């Protein structure tokens, strides 16, 4: 089993944000499983591993681009297939950063729901 925490980042401000601005921290712990796979879940996933996607603001409907940070992606142990579906895997008992993807984004003041699916993997 996995103990999963997803923690939103404090002090985010509307307007032009820094490239790769951190917006949430994923924390996955386990006493029994060595690795986990993770995918973003939304109405518009934009890559073949589910590690970048778009999310809509609750009050405005404006979209922002979100995903695992470049540093987090470089920490992946592997990309494995679960009945043909790609999941990038990472060490359990570790944290990953969810960020605003790509070049600087101009973010409208709003609340943006971020949803992830995490699954245990034994390598």
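Numbering follows the first chain given and starts at 1. Think of the rigid core as the biggest set of C-alphas that the two forms share within 1.5 Å after superposition.
The rigid core fit leaves 83 to 91 as the farther-lying stretch in 7 other deposited structures of this protein, judged by Cα positions and set against 83 to 91 and 70 to 78. In this crystal structure, the stretch out of 61 to 69 and 25 to 33 whose C-alpha atoms carry the higher mean B factor is 25 to 33.
Relative to its counterpart among 113 to 121 and 1 to 9, 1 to 9 has the higher mean temperature factor, C-alpha atoms as listed in the PDB entry. Annotation for residue 42: CA B-factor lies in the middle third of the chain's modelled residues. In the deposited entry, the Cα temperature factor of residue 94 places it in the highest third of its chain's modelled residues. Annotation for residue 107: CA B-factor lies in the middle third of the chain's modelled residues.
In the deposited entry, the Cα temperature factor of residue 48 places it in the highest third of its chain's modelled residues.
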